[PDB]
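Build me a structure from this.
(10 chains, ligands or ions: 10)
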Amino acid sequence: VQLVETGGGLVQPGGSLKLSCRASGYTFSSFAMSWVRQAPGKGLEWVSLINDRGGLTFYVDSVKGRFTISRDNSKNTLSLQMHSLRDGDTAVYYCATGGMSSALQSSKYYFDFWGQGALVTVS
Amino acid sequence: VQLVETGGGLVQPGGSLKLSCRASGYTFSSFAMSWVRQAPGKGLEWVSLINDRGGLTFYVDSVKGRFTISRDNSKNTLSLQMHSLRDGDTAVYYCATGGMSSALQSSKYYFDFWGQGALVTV
Amino acid sequence: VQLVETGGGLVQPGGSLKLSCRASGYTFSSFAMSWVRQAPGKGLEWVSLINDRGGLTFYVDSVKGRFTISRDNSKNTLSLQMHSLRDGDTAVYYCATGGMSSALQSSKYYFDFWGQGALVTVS
Amino acid sequence: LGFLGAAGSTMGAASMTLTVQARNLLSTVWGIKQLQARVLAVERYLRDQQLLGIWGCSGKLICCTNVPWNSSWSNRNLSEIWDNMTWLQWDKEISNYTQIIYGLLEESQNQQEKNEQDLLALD
Amino acid sequence: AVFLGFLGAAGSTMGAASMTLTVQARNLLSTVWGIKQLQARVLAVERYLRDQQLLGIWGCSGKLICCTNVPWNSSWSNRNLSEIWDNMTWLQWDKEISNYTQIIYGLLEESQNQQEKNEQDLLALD
Amino acid sequence: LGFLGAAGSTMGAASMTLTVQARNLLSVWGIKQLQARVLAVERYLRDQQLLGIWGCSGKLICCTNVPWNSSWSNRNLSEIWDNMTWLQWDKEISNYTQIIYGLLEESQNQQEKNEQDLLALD
Amino acid sequence: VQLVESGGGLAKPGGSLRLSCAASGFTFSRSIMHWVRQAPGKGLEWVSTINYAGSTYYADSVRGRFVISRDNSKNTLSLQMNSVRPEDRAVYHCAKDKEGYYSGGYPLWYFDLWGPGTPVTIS
Amino acid sequence: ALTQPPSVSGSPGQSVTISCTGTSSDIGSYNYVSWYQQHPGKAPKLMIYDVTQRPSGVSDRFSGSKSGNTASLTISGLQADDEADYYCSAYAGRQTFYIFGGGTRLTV
Amino acid sequence: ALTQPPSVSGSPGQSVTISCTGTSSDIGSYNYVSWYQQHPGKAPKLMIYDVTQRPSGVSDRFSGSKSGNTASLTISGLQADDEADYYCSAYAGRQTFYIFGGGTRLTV
Amino acid sequence: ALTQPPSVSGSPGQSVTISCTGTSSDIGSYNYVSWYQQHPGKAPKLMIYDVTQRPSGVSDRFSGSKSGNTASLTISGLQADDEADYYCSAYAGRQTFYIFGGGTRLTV
Ligand SMILES: *[C@@H]1O[C@H](CO)[C@@H](O[C@@H]2O[C@H](CO)[C@@H](O)[C@H](O)[C@H]2NC(C)=O)[C@H](O)[C@H]1NC(C)=O
Ligand SMILES: *[C@@H]1O[C@H](CO)[C@@H](O)[C@H](O)[C@H]1NC(C)=O
Ligand SMILES: *[C@@H]1O[C@H](CO)[C@@H](O)[C@H](O)[C@H]1NC(C)=O
Ligand SMILES: *[C@@H]1O[C@H](CO)[C@@H](O)[C@H](O)[C@H]1NC(C)=O
Ligand SMILES: *[C@@H]1O[C@H](CO)[C@@H](O)[C@H](O)[C@H]1NC(C)=O
Ligand SMILES: *[C@@H]1O[C@H](CO)[C@@H](O)[C@H](O)[C@H]1NC(C)=O
Ligand SMILES: *[C@@H]1O[C@H](CO)[C@@H](O)[C@H](O)[C@H]1NC(C)=O
Ligand SMILES: *[C@@H]1O[C@H](CO)[C@@H](O)[C@H](O)[C@H]1NC(C)=O
Ligand SMILES: *[C@@H]1O[C@H](CO)[C@@H](O)[C@H](O)[C@H]1NC(C)=O
Ligand SMILES: *[C@@H]1O[C@H](CO)[C@@H](O)[C@H](O)[C@H]1NC(C)=O
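Residues are numbered from 1 along each chain as shown, chains lettered A, B, ... in the order given. Ligands and ions are numbered 1, 2, ... in the order given. The protein structure is shown below:
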């Protein structure tokens, strides 16, 4: 399994940045996807979760009104649209597989497959 | 269109006071109404909203357990019953037409007409 | 009516106690039951309420995630399980009867029977 | 207690066996009569379901309403209805007022109520 | 009488006629000579159940007025709310929208409740 | 795709066509059709009555508060939803179907509705 | 519980007249109100009605000429009589409908309460 | 909590009033303000329920009332055996169920 | 509350803008940002409703717009009679129906 | 966030543990406390899922446990290649999905 994340690495405060990560080696539509970020000097913080179909999205309060998580199961693509980026949002972002599962699947309250990551600087 | 508040004056902290508003020049029962508070030295603050029929009432969180908004469409009267008035509630209270509409009407998320305002001192 | 608590009275902070209460002189299954706590130097505080059947339980916010109220209508026994007891939980606990009624009964928003409150010390 | 076993029970006790009666509402010479019996059973079942639909009680055996009880319909207290009366006696008592209550359930709720929900879900 | 007021709002505007939904609902259900009567009674039952099944499929079971998550397409009708609810009756509306009724019903099934129930299955899951 | 098209599909994939099967349950040579129509209606209503008394009225997928007993089937979710069809499941648990129905009647209506009846006052 | 008419009087064969009617003892918001006229040589004739929802019904002889309206805030019923003709001479009475079984606003036409009436003369 | 005056006093035979002041949601919204009499070392006994109702077995001397957001317990014919900590208890709703006041010692 | 710059000004006959800054849940999500003109001692008058609409009776010197999470009002052709406190009001959903900004004093 | 001890350390072939203590809602209410191993410059790897379960490809040296509201990762047979930042992650509920602790820098 491999997830390759691309997107810009530097935006001005108040700007807008989209990240997108392609997954291979597994069926994309069978797993929920999450975004997790790590500030350069801090630990991991969960940012967002999308289900396997894409109709249900959840966000950490600090970004709930600013970030949009979406997926396209026909292209095996996960993306995050970030508006109104704040100074507190500088971090390496990772796409990860898991965080939830459907009611017909075993519980998956963990992140199993992690991507390469991308560093986003706001300045 | 004319809206006239006919409210109270000075009330002690912890007391209660009811404000009334009379409407004329339009069909009262056709429009939603609201109360908007303005402290003597501050800007405008929305306090409560009632629909055109009077069955649905909404309040700002700071007054949800203290204020009651009601409307009698047979008397063209809007009223706000305030209980346990605190020091943070001294203000001019304006009644206004607009702020909501039915699902079969165009949106009216604005306050179309305003009265002159009752002065409530706690 | 006779209500007798048979629970314990001394726990260390962070420990857990279970207070049972026996009732007689009335039909147990016909009345809702409550626990009311009184600190040694304070007045009365409502802690929990259970309906007459036992399916609906309510708690005061200060104990909502720590205490469990349950009732066995075959053995005429009420009990309160208190986990993670705090120093603030030292009190006499009364297994008072009342606090709510079913929709088919008159409204019992009062505690009509009290008795032999258990004294619980956390220290 | 089986079908209608609670008929002699008080209204309160009888209200916990509603499914027992509900399950028994659906299930040349002797041929025609059998078909007529089947059609009649279906029509009467659906007439009751249609009324439950109109009152906003679809899919429920116990349905709470927004219509207040008028003391002219009956001035009895709950302890004299649910605890000391049967449903047959109650039906005998509420006969002249059944159509008034049904008309009020039809008008005061699930008509005005649905318009109110239609407006509340608007915002 | 149950018949009283039946279709009285037929010439009223769509808004006003929406306040009488129980009046037109309560009157929908109630030898070869004998067979003809049984067919009429069975048909009334079948039509009632088909409409209730459609309400179930759309997530509108037990409701007289049901809000959905299907956007209105201007290709179906480009009239505004005043033109539809205040200046038009339900017969005129039906005549205008009958060409799009099956499209709308298809969307009510395909575009929402099949997805809404599968999502609710996953929200009660957590 | 189509009526019973998912019959050979897994339970998971087959759960997406519930309306495809549900919409086909309602719809000499004279009395046979009348009896066929009455039979279709009675079978439909018996299933709808079961859904009603379980608190599942108006739903094709209905979640409950009845825990699954491993004595009914000890398979995990992968071997039920992804590696099994509904015909196989129906065969596997037919012996426990009435037990499940009884539990659904008891806890999903008789207890739940009285609890809701009490929560509407407190 | 009374109805008091005003307005009326003399008008030209192609002029207009306004009639008013004040309600006193009932709730002028749930009532269906009707203008009925009595010509000296014909007897009582129903003219028009307005229900509590604001929908109006007219007699064939006056439809297109008369407008019936209500203002709940003044407990007042009124009739705008346009293009009055010689056959319109009558005493005009306002009347309130007996409340019956819920009909969705459809009138019963049983005139529970009548006013004294106001004379209208066309010449 | 509800507010009650501490140390209400009086001499035998006189009447006394123990007030209990709450907010719009605790007392002003519901007629469910019960009163309890707790002697030192014993469990509270119910004296008043609803607003003006009295349990059987409780003397006529104990009479409750309400005005506005203030409840009051009037004890006429005060006896030497009435020395107790008196409490008011109001029903506030289904989120916060019961609110108790402090104790009022009837210093007889 | 919404953020507005105080003490906006310009010369007679010129144009000015008044900014209203909110969050994505306030201005960005809803196209219901109205503007009011309040003369001291008087009730506010509705000047702009929706993002771009004017009430009848309001002159064409007033206009509004929105960009991202910032809404603004533009006055073109300032008159001596335009000295007033201007407010923005945004619809912010079902939990918080209306949020007003601070008053902006306009001087000419 | 969860509280994990920082700058823990051990030596080759010995056992070390990393604790992670949370609230009754975050850890005490759900048996879903996973552990991750992040080498500097690389994305975190899943080491433990659920309280005690291991992903395929992870050796038996990494073993999870929980007692009360505290989770623990035991690394037995410590290797030089185990130097990494270790994180705990707990499922908190529907309103808050995942809560992470601070990183634990494990040295050898
Ligand atoms: C029948 O049509 C009339 C004429 O449009 C309707 O009444 C008019 O429209 C509304 C009420 O619908 C009122 O505001 C007007 O004053 C009415 N004018 C006239 C001249 O009637 C009436 O409501 C309709 N009635 C029904 C039962 O549909
Ligand atoms: C009949 O009445 C007796 C008491 O007289 C009661 O115990 C019994 O339960 C009643 N029967 C039913 C079916 O309720
Ligand atoms: C109900 O009313 C009856 C009739 O007066 C009375 O005897 C009985 O005591 C009352 N019960 C309750 C609980 O109020
Ligand atoms: C209905 O009224 C009649 C008298 O008109 C009366 O005899 C009868 O008992 C009433 N029905 C009841 C009380 O159910
Ligand atoms: C509306 O319908 C037309 C065809 O009538 C279709 O091409 C278009 O995509 C539809 N648009 C929306 C928003 O549904
Ligand atoms: C609706 O369209 C009509 C055109 O027939 C127009 O006259 C009317 O002003 C419009 N109303 C609204 C609210 O858009
Ligand atoms: C509906 O379609 C038919 C053709 O099938 C057309 O003749 C008719 O004008 C259409 N009506 C409406 C209201 O679109
Ligand atoms: C039939 O089985 C094959 C093999 O597993 C599978 O690919 C296909 O989707 C199945 N089709 C249906 C309709 O079950
Ligand atoms: C499961 O069913 C068995 C019998 O089949 C029964 O003995 C057991 O108590 C049941 N357990 C649960 C948890 O329902
Ligand atoms: C469930 O059990 C089967 C045994 O037949 C096993 O092969 C399968 O891997 C299990 N599924 C999961 C998700 O553990």
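
Relative to residue A:93, how far out is the residue nearest in space to the middle of chain A?
By Cα atoms, centre = their mean, the mean C-alpha position of chain A lies nearest to residue A:35, the distance being 2.5 Å. Distance, residue A:35 to residue A:93, using Cβ to Cβ, to the nearest Å: 6 Å. Where C-beta positions appear, they are placed from N, C-alpha and C, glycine not excepted.

Please identify every residue contacting each of these two.
Common neighbours of residue A:35 and residue A:93, using Cβ atoms under 8 Å, 6 or more residues apart in numbering or on different chains, are A:19, A:47, A:80.

Are any of those residues buried, and if so which?
A:19, A:47, A:80 (16 or more other Cβ atoms under 10 Å in any protein chain shown).

got these as a markdown table, with distance to ligand 4 and secondary structure columns?
As requested, those are exported to a markdown table (distance: Cβ to the nearest ligand atom, whole Å; DSSP: H, G, I helix; E, B strand; the rest coil):
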| residue | distance to ligand 4 | secondary structure |
| --- | --- | --- |
| A:19 | 73 | strand |
| A:47 | 66 | strand |
| A:80 | 68 | strand |
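
centroid residue for chain H?
residue H:35 (3.6 Å).

Let me have the shared contacts of residue A:35 and residue A:93 in TSV, extended by distance to chain C.
What follows is the shared contacts of residue A:35 and residue A:93, written out as TSV (distance: Cβ to the nearest Cβ, whole Å):
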residue	distance to chain C
A:19	37
A:47	27
A:80	33
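
Closest one to residue C:105 out of these, please.
When the shared contacts of residue A:35 and residue A:93 are compared for distance to residue C:105 (Cβ to Cβ), residue A:47 wins out at 50.9 Å.

The residue nearest to the centre of chain H against residue H:44, yeah?
No: Residue H:35 is beyond contact range of residue H:44, at 9.5 Å (criterion: Cβ atoms under 8 Å).

what residues are shared contacts of those two?
Joint contacts of residue H:35 and residue H:44 (Cβ under 8 Å, 6+ apart) are residue H:87.

Can you tell me the element the closest residue to residue A:122 other than its chain neighbours falls in?
The shortest distance from residue A:122 to any non-neighbouring residue, by Cβ to Cβ, 6 or more residues apart in numbering or on different chains, is to residue A:85 (4.8 Å). Counting by DSSP states H and E, no helix or strand carries residue A:85.

Repeat that for residue G:57.
Going by DSSP H and E, residue G:57 is part of strand G:56-58.

how about the helix or strand just after that strand: buried residues?
Next in sequence after strand G:56-58, counting helices and strands by DSSP H and E, comes strand G:66-71. By 16+ other Cβ under 10 Å, the buried positions in strand G:66-71 come out as G:66-68, G:70.

Show me which of those residues is closest to residue F:108.
residue G:70 (49.6 Å).

Next, the contact list for that closest one, please.
Counting by Cβ under 8 Å, 6+ apart, the residues that residue G:70 touches are G:28, G:33, G:50, G:54, G:76-78.

Now with 6 Å, please.
G:50, G:77 (Cβ atoms under 6 Å, 6 or more residues apart in numbering or on different chains).

Let me see the ranges of the strands in chain G.
G:3-7, G:9-11, G:16-23, G:33-39, G:43-50, G:56-58, G:66-71, G:76-82, G:90-97, G:111-114, G:118-122 (DSSP state E).
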